[PDB]
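S.K.: need a 3D model of the sequence below.
(one chain, ligands or ions: 15)
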Amino acid sequence: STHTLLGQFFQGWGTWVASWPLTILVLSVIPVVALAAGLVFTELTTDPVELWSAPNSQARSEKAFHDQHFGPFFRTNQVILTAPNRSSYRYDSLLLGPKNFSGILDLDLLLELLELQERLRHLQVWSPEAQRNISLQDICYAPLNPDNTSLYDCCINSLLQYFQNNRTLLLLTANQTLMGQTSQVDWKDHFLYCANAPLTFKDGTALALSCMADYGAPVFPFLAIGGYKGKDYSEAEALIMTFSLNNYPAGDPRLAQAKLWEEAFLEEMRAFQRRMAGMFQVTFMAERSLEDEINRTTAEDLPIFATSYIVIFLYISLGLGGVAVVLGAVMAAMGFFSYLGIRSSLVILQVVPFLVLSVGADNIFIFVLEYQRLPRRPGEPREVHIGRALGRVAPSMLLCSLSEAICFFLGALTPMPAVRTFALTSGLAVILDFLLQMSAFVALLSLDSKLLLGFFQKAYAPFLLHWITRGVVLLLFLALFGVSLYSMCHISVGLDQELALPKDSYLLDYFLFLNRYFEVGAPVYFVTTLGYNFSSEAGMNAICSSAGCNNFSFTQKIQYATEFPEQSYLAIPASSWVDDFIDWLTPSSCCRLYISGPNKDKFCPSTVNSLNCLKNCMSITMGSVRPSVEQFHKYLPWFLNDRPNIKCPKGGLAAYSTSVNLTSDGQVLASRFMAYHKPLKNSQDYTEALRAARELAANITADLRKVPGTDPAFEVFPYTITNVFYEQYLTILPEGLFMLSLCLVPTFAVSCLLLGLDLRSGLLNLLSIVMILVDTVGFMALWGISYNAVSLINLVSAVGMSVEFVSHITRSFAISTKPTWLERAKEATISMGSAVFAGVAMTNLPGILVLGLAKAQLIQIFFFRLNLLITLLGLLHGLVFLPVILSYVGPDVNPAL
Ligand SMILES: *[C@@H]1O[C@H](CO)[C@@H](O[C@@H]2O[C@H](CO)[C@@H](O)[C@H](O[C@@H]3O[C@H](CO)[C@@H](O)[C@H](O)[C@H]3NC(C)=O)[C@H]2NC(C)=O)[C@H](O)[C@H]1NC(C)=O
Ligand SMILES: *[C@@H]1O[C@H](CO)[C@@H](O[C@@H]2O[C@H](CO)[C@@H](O)[C@H](O[C@@H]3O[C@H](CO)[C@@H](O)[C@H](O)[C@H]3NC(C)=O)[C@H]2NC(C)=O)[C@H](O)[C@H]1NC(C)=O
Ligand SMILES: *[C@@H]1O[C@H](CO)[C@@H](O[C@@H]2O[C@H](CO)[C@@H](O[C@@H]3O[C@H](CO)[C@@H](O)[C@H](O)[C@H]3NC(C)=O)[C@H](O)[C@H]2NC(C)=O)[C@H](O)[C@H]1NC(C)=O
Ligand SMILES: *[C@@H]1O[C@H](CO)[C@@H](O[C@@H]2O[C@H](CO)[C@@H](O[C@@H]3O[C@H](CO)[C@@H](O)[C@H](O)[C@H]3NC(C)=O)[C@H](O)[C@H]2NC(C)=O)[C@H](O)[C@H]1NC(C)=O
Ligand SMILES: O=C1[C@H](CC[C@H](O)c2ccc(F)cc2)[C@@H](c2ccc(O)cc2)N1c1ccc(F)cc1
Ligand SMILES: *[C@@H]1O[C@H](CO)[C@@H](O)[C@H](O[C@@H]2O[C@H](CO)[C@@H](O)[C@H](O)[C@H]2NC(C)=O)[C@H]1NC(C)=O
Ligand SMILES: CC(C)CCC[C@@H](C)[C@H]1CC[C@H]2[C@@H]3CC=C4C[C@@H](O)CC[C@]4(C)[C@H]3CC[C@]12C
Ligand SMILES: CC(C)CCC[C@@H](C)[C@H]1CC[C@H]2[C@@H]3CC=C4C[C@@H](O)CC[C@]4(C)[C@H]3CC[C@]12C
Ligand SMILES: CC(C)CCC[C@@H](C)[C@H]1CC[C@H]2[C@@H]3CC=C4C[C@@H](O)CC[C@]4(C)[C@H]3CC[C@]12C
Ligand SMILES: CC(C)CCC[C@@H](C)[C@H]1CC[C@H]2[C@@H]3CC=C4C[C@@H](O)CC[C@]4(C)[C@H]3CC[C@]12C
Ligand SMILES: *[C@@H]1O[C@H](CO)[C@@H](O)[C@H](O)[C@H]1NC(C)=O
Ligand SMILES: *[C@@H]1O[C@H](CO)[C@@H](O)[C@H](O)[C@H]1NC(C)=O
Ligand SMILES: *[C@@H]1O[C@H](CO)[C@@H](O)[C@H](O)[C@H]1NC(C)=O
Ligand SMILES: *[C@@H]1O[C@H](CO)[C@@H](O)[C@H](O)[C@H]1NC(C)=O
Ligand SMILES: *[C@@H]1O[C@H](CO)[C@@H](O)[C@H](O)[C@H]1NC(C)=O
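M.R.: Numbering: from 1, shown residues only. Ligands and ions are numbered 1, 2, ... in the order given. Here you go, the structure:
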C-alpha cells in the first residue's frame, strides 16, 4: 500500500509545517540565496558556435587531427555585387567569335569595385591593446610568404586579380591582326582567355598579361564570378570579392585582434552599400557576423520576456508568493551549475524559466484549490486542516513533478552541449521546485491567517456522456490518429542555417545570393592518416592519376565521382600533389643541379639562368618516370619551395605548401587533397553530401590498404569546415526514437504504481500519451517545423507534461464509487477537469502572449510554434477523449475506503 503511506506522511508533514511556519520559511529561504550567488559570482556564458557540436564526436575528432597537422581552416569574408539594372549586350571577340556578355562585366563597374578593394586593403583599426594599430598584413592568410607577409601577398580573391589589380593594365587596348582583324583587343578578350586556363603566364593575345594574381598563385573562375551555369564564363550575374584571414585557437590574442578588423570591414562595407544604390546590390558576410548576430536577438528581448513571468501573476487572479517561490527555485537551479562549472550561453539562460514555471505553477494552483475546496471539518484549526488537504493531493502532485524531472534528465543524453545544458538546468529546476513548494509554500499558506467553473461544467457534461457524443468523439480522434501516423512519414529532418537569424538581418540577403549565384560549395579535404609509405614505385601508383599508374586510383576515383554530381556531392577534381610532383620531376628546366658549382652543388632554381647548371634531377627519359626512394627525400622539399614563374609553371608552393607535413627526416606524415562540393542549399544537402563523401572515402581506404608497405588503422577521411555541425543528422533517428520510447517506461511504471490503476487505467493513459506524441509529430511535420536536436527536447518535455492532462482525471475516476459508468465519470470531470483546465490555460495564455512575439526565428519556430501544438492538442486528449474513452473500457468500481 504505497499510496496510503505517502498521504499519511505528507499529512503529518503538513501539520508540523503549519505548526512551525516562520522557522521553516526562514530556514528554507536562506539556502536559496547561497545557490543564487553562483549567478552573480561568474555565470560564464558561451558566445561562439562551439556549443552546437559533440566535444568527443568523430566529426570533431577528425577536426582535432586536421587542425593539429595542417593548421586551422582560414576564416572567409565575402562580398557579392550582382548589378541588376544593366542590360546584356554583344561583343565579337576576335578569338572565339560572338560572345553575348552580361551587364555586370561593364568597365564602368569594375573600376568602382577596384576603388573599394584597394581601400579595403589599406584598412587600420585601433585595438584594446593600445600600443599597435592593426594593419591587414598581421592577420592575413598568405599562402606564399608567411614569414614576413608584405601587404601585397595577402589572399584577396576577385576578378580584378586577373590584371593583378593594376588600373593601367585593365585600361589597355592593343592592335591585333589575323588578316581579318577589324578591331583591337580589349580587356575582355584577355579575361575570356584567362577564364579557360588560369595557370597561363603569357597570354596568347597581342597584349601579354599573366592570369596569375599579385601573390604567385592562380585564381579559379568559380572563386571570382558566379551564376554562369550555362553559356560559360560570359554571362556572370555577380562578381565576388573574398578576403581570407588565418584562424587561431580561441585563447590566442591574435584571434581577439583579428575579430576587430572584421568589425571595421563590416562597418565600412555598410557605408559602401549606401554610397551607391543605383548600380549595385552588395551583400556581404564576415565570419564574425553569424556568431555575433544570433546573440544580439536573444540579448535584445529579455525585457520583452519579462512580461512572461509577470503575466504568470495575473492569470491566477498568496499568489505572488508562489510565483516568487517558483522563480527563486529556477534561479537557484540556474546558478547552482556555476560552482560545478558549466559554460551555458545566454540563449540557454533565457528560456529555462518559461518551460519550468508552466509546470511549477500548476501544482501550486492545484494545492490552493484543494485547500479552498475541502469540506473543512470543524473542531480543529487550520494547522491540521492544511495537512488534511495536502495529504490527498501530495502524491498526485508528486507524480506530475517527478515524471518531468525524470524526462528532462533522461533527455540530457543528446550530443549537443547547449541542449544538454538546457535539459540539465530544467531537470533540476523542477526537482528543486517540488522540494521548495512544500517546505516554503505550506509555511506561507499557514502564515496568511495573521466562480462559474462548476456552473457550466454541469452543462458541458450533457454535451458529452451521451451516445450522440460518445460515439462520434471516439472515431473522429481515431481518424485523427490515422491521418497523423501516415503524415509522420513526410517529416523532414535537419535544421536550416538561416533559422538562427531574425527576419531582417543582412545575412539573409547574403544566403539568398549564396544559394543562387555560387557554382561551387565549400571545399573539402581527403586527409591521409599516419602510415602510408608514399615512396615506393608501387606505392605512388595507387594515389596517382596519369602516365602508367593504375586504372582505378584515389585521384582517379574522385574525378570519376565528379562526373555524377547528383549522386556524389562533388563538383571539382582532386588536384593531387603526387600528380603535380611527377610532372615537376620531368626534365627541361624544372629540377636542375649545379655541375661545377662547389658552393651550390645541389639546387639550381628556375629563376637563375646561366651556362653552369645543366643536369636534370630525373636522369634520362623513359616510360612513366618515377623517382627512387633516395631521390624522394632530396626532391620533395625543394618542390615545396619553388614559386611558379614563367620558366617552369608545373608547380611548387603556390597551392601545396601546407598540404604535406614533412617530418624531421623526410618521411611524410599526412596530406590533403582539396576538392570542391557542389552548391549546397538547405540542411538536407549538407548531411547527404557528408554521407556520400564519407562512403567514397571508406571505399578509397578499403582500396588503398591492399598495398604492400601500408599500415592498418590508416583511413582517408573527408573533412570540411561545417562537418562538425551536420554530422549528428546521420544518427538522430535511431538515437531520437530510442530516447522517446524509453521515456514512456518510467512514467507508465510510476503512474500506475502511485495511485491505484492496476493495468487498464494506466494502459489507457499510455494510449493517450502515445496518441498525443504521434499527433504532435504529424502536425509538426505538416506545419513545417523541422525535427532536430532542439525540437526533440520539447517533445520529451511534452511527454513529461502530459501526465498533468491524464493523472487527475484517472485519479478522480478511480476514487469514484458511483454505480454506472455512464455518470460515474461526470463527478470526476466536474471535480478535476476544471482545475486541470485552469492549469493548462496557465501555460496556454503566457505560452502564447510572450513567445509568439519573440522576434527570433528560433524561439518563434521551436518554442511558441511547437509548444502551442502540444498544449492545445493535449487539451483535446485530456478533456474530450479521455473521459469519453474511460466510459467504455473503464474499470469496475474500487471501494477505496
Ligand atoms: C593608428 O591610428 C592613429 C590615429 O588614427 C594614427 O595616428 C595618425 O597619425 C598621422 C600622423 O600624425 C595622422 O593621420 C594623425 O596624426 C595627427 O592627428 C592630428 C589630430 O587630428 C592632426 O591634426 C594632424 O594633422 C595629424 N598629424 C600631423 C601633426 O600632421 C593620426 N590620426 C588622426 C587623423 O587622428 C596612426 O598613424 C595609426 N598607426 C600608427 C599608430 O602609426
Ligand atoms: C617504402 O618502400 C620502400 C621500397 O620497398 C622501402 O625501402 C626499403 O627499405 C628497406 C630498409 O632499409 C630496405 O631493406 C629495402 O631494400 C634495401 O635497399 C638497399 C639499397 O641499396 C639495399 O642495398 C639493401 O640491401 C636493401 N635492404 C637492406 C637494407 O639490406 C628498401 N627497398 C628497396 C629495395 O628499395 C621503404 O623502407 C618503405 N618505407 C617505409 C616508410 O616503410
Ligand atoms: C606538422 O606536424 C607536427 C607534428 O605533429 C606539428 O607540430 C606539432 O604541433 C602541435 C600543436 O599544433 C604541438 O602540440 C603541442 O606541443 C606542446 C609542446 O610539447 C605540448 O606541450 C602541447 O600539449 C601540445 N598541444 C597543445 C598545444 O596543447 C606538437 O608539440 C607539435 N609536434 C609534436 C607532435 O611534437 C605541426 O604543427 C604540423 N605542421 C606544421 C609544421 O605546422
Ligand atoms: C601597373 O602597370 C604599369 C604598366 O605596366 C606599371 O608601370 C610600368 O612599370 C615598368 C617597370 O618599372 C616600366 O618600365 C620602365 O619604364 C621606365 C620609364 O619609361 C623606363 O625608363 C625603364 O627602362 C623601364 N624598365 C626597365 C627596368 O627598363 C613601364 O614603363 C611602366 N609602364 C608604363 C608604360 O608607364 C606599374 O608598375 C604597375 N603597377 C604596379 C603596382 O607595379
Ligand atoms: O547558435 C546556434 C543555435 C544553437 C544555440 C543553442 O544551442 C540553443 C538553442 C535553443 C535552445 F532551446 C537551447 C540552446 C543553433 C540554431 C538553433 C535553432 C535554429 O532554428 C537555428 C540555429 N545554431 C547554429 C549555428 C550555425 C550553424 F551553421 C548551424 C546551427
Ligand atoms: C589598330 O589598327 C591600326 C593598326 O596599325 C592602327 O593604326 C589603329 O590606330 C588608328 O587609330 C585611328 C584613330 O582612332 C583610327 O581611325 C585608324 O583606323 C587607326 N589607323 C589607321 C589609320 O588605320 C589601331 N586602332 C586604334 C583605334 O588604336
Ligand atoms: C526542533 C527541530 C524542528 C529543529 C530542526 C529542524 C530542521 C531539521 C529543519 C528546519 C528547517 C529545515 C530546512 C527548511 C528548508 C529547506 C530547503 C529545501 O530546499 C531543502 C531542505 C531544507 C534545507 C530544510 C532542511 C531541514 C531543516 C533545517
Ligand atoms: C565575466 C562576465 C561574463 C561576468 C558577468 C556575467 C553576467 C553577464 C551575468 C551575471 C548574472 C546574470 C543574470 C542572472 C539571472 C538572470 C535571470 C534569467 O531569468 C535571465 C538571465 C539573467 C538576467 C542573467 C543574465 C546574465 C548575468 C547578468
Ligand atoms: C571537467 C569537470 C570539472 C566536469 C564536472 C561536471 C560533470 C562531469 C559532473 C560533475 C558533477 C555532476 C552532477 C552531480 C549531481 C547531479 C544531480 C543529479 O540529480 C543529476 C545529475 C547532476 C546534476 C550531475 C551532472 C554531471 C556533473 C555536473
Ligand atoms: C504552402 C504552405 C507554406 C502554407 C502553410 C499555411 C500555414 C499557415 C498552416 C498550415 C497548417 C496549419 C496548422 C494545421 C493544424 C493546426 C492545429 C489547430 O489545433 C491549431 C492551428 C494549426 C496549428 C494550423 C495553423 C495554420 C497552419 C500552420
Ligand atoms: C546572345 O547573343 C545573340 C547574338 O549576339 C544575341 O542576339 C542574344 O540577345 C544574346 N543572348 C541574350 C540572352 O540576349
Ligand atoms: C621582412 O620581409 C623580408 C622579405 O624578404 C625578409 O627578408 C625579412 O627577413 C623580414 N623581416 C624580418 C625581421 O624577418
Ligand atoms: C537600379 O536597381 C535598383 C535595385 O534593384 C532599383 O531599385 C532601381 O530602381 C534601379 N534604377 C534604375 C532605374 O536603373
Ligand atoms: C585497364 O587496364 C588494362 C590493362 O592494363 C587496360 O588494357 C585497359 O585499357 C584499362 N582500362 C581502360 C578503361 O582503358
Ligand atoms: C566502391 O563503390 C562501389 C559502389 O558503392 C562498390 O560496389 C565497390 O565495392 C566499392 N569499391 C570497393 C573497393 O569495395
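S.K.: got the phi and psi for the residue lying closest to residue 198 once chain neighbours are set aside?
M.R.: Spatially, and ignoring its direct neighbours in sequence, residue 198 is nearest to residue 218 (4.0 Å; Cβ to Cβ, 6 or more residues apart in numbering). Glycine gets a C-beta too; all of them are placed from N, C-alpha and C. Main-chain dihedrals, residue 218, degrees, to the nearest 10: phi -70, psi 150.
S.K.: relative to residue 140, how far out is residue 218?
M.R.: Counting by Cβ to Cβ, to the nearest Å, the gap from residue 218 to residue 140 is 19 Å.
S.K.: next one: residue 439
M.R.: In terms of Cβ to Cβ, residue 439 sits 61 Å off from residue 140.
S.K.: one more: residue 757?
M.R.: 70 Å.
S.K.: re the thing from before, so which of residue 439 and residue 140 has more stuff around it?
M.R.: residue 140 (22 against 18; other Cβ atoms under 10 Å).
S.K.: contact partners for that one?
M.R.: By Cβ atoms under 8 Å, 6 or more residues apart in numbering, the contact set of residue 140 is 149, 153-155, 243-246.
S.K.: okay, now the residue in the stretch 1-150 of the chain that ligand 11 sits nearest to: neighbour count?
M.R.: Proximity of the stretch 1-150 of the chain to ligand 11 (Cβ to the nearest ligand atom) peaks at residue 100, 3.0 Å away. Number of residues near residue 100 (other Cβ under 10 Å) recorded here: 12.
S.K.: give me the nearest residue to it, chain neighbours excluded.
M.R.: residue 90 (5.1 Å).
S.K.: which residue lies nearest the spatial centre of this protein?
M.R.: residue 725 (5.1 Å; Cα atoms, centre = their mean).
S.K.: my read: it touches residue 52, true?
M.R.: Yes: proximity of residue 725 to residue 52 meets the contact threshold set by Cβ atoms under 8 Å, at 6.1 Å.
S.K.: what sits against the residue of the chain lying at maximal distance from its centre?
M.R.: Relative to the mean C-alpha coordinate of the chain, counting by Cα atoms, centre = their mean, the farthest residue is residue 379 (64.2 Å). For residue 379, the contact set (Cβ under 8 Å, 6+ apart) is empty.
S.K.: in what helix or strand does it lie?
M.R.: Assigned by DSSP states H and E, residue 379 belongs to no helix or strand.
S.K.: what's the answer for residue 147, then?
M.R.: Judged by DSSP H and E, residue 147 forms part of no helix or strand.
S.K.: burial count for it?
M.R.: Residue 147: 5 neighbours (other Cβ under 10 Å).
S.K.: can you check residue 42 too?
M.R.: Neighbour count for residue 42, taken as other Cβ under 10 Å: 12.
S.K.: so it sits right up against residue 339, yeah?
M.R.: No: using Cβ under 8 Å as the test, residue 42 is too far from residue 339 to be in contact (9.3 Å).
S.K.: the helix or strand residue 27 falls within and ligand 8 in contact?
M.R.: In this structure, residue 27 sits in helix 21-41 according to DSSP H and E. Yes: legend: contact between helix 21-41 and ligand 8 by Cβ under 6 Å from any ligand atom is shown at 39-40.
S.K.: now do the contacts for the residue in the chain that ligand 3 sits nearest to.
M.R.: The chain approaches ligand 3 most closely through residue 661 (3.7 Å), counting by Cβ to the nearest ligand atom. Contacts for residue 661 (Cβ under 8 Å, 6+ apart) come out as 69-70, 668-671.
S.K.: tell me the secondary structure at it.
M.R.: Secondary structure state of residue 661, per DSSP: H, G, I helix; E, B strand; the rest coil, is strand.
S.K.: ok, back up a step: and of the contacts of residue 140, the nearest to ligand 4?
M.R.: Out of the contacts of residue 140, the member with the shortest distance to ligand 4 (by Cβ to the nearest ligand atom) is residue 153, at 13.1 Å.
S.K.: would you agree the closest one is in contact with residue 244?
M.R.: No: using Cβ under 8 Å, residue 153 makes no contact with residue 244, being 11.8 Å away.
S.K.: for the stretch 1-150 of the chain, which segments count as strands?
M.R.: With DSSP state E, counting those that start in this stretch as the criterion, the stretch 1-150 of the chain has strands at 75-80, 91-93, 97-99.
S.K.: go through the ones you listed and pick out the most buried.
M.R.: strand 75-80 (a mean of 22; mean count of other Cβ atoms under 10 Å).
S.K.: and stretch 266-274, is it in reach of ligand 13?
M.R.: No: shown here: stretch 266-274 not in contact with ligand 13 (Cβ under 6 Å from any ligand atom), separated by at least 11.5 Å.
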